[PDB]
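Coming up is one lone chain in structure tokens, specifically the form deposited in one PDB entry.
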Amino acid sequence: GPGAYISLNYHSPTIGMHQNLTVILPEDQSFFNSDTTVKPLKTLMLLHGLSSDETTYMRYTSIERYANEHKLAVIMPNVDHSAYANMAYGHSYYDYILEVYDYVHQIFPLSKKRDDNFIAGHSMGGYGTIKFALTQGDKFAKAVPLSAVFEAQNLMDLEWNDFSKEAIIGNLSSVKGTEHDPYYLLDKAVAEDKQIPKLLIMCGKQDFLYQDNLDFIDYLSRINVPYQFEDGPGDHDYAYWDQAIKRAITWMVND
């Protein structure tokens, strides 16, 4: 059965502007009967990579088809070039993800239980995914970084088209040991006894970020944090993220 594709534009109090957001809302019989209470849906926060935006998962994948198969609501915000940080010179986009989460859970029929909420994303969005997994573990039961950047000191110094490192991190000499460093966040999560979401980490074998992914899961192993790592043929493109997100969605909802 099909569902709703929703484009929302609202003025965000956190980032001080109108901003577009897309939502996939699978249909439920209770949505068409006024006398019943809506059945709240499992919900996936889905984070785009660098140069993508709120439309690009819809356009370059079949995610809505996959989400419909599994009665999974999907939230796709736009965070520009922010790497999901509260920027030194820019917008508070880390806070924005938390606002979007609260907003769509207030207005749409989405379950608020931790077991029903997941987060995922690719490249910059996998980096975002792991940051939220390690700082908001109470909000998500599972997190799926796809082709993620785990060594951030390779992302800040990437000279991508119109990308500004300083807008994110200011005049910081190095991200190592800071809240921009997934390894620091991971050590801090373990040290503070925070719940870590269940981890499915995916990366194509031909991706430049592959060795970076191997390094991170090696570290997870050495600090006895469980994870599932899935590799196979694939590069750093939406042809890969199309197939990976289909697999990730099956894994999220089936526990």
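Residue numbers here begin at 1 and follow the sequence given. In this text, the rigid core denotes the largest set of C-alpha atoms whose superposition between the two forms falls within 1.5 Å.
Below: the form deposited in another entry, not depicted.
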Among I97, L134, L72, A83, which is the residue that shifts its C-alpha 2 Å or more between this form and the one not shown, core superposed?
-> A83
Any chance the CA of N171 moves 2 angstroms or more between this form and the one not shown, core superposed?
-> yes
By the 2 angstroms cut-off, has the C-alpha of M156 moved between this form and the one not shown once the rigid core is superposed?
-> yes
Direction of Cα pair change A85-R247 in the other form, magnitude 3 angstroms or more | farther
Closer or farther: how do the Cα atoms of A85 and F140 compare in the other form relative to this form, given a change of at least 3 Å?
-> farther
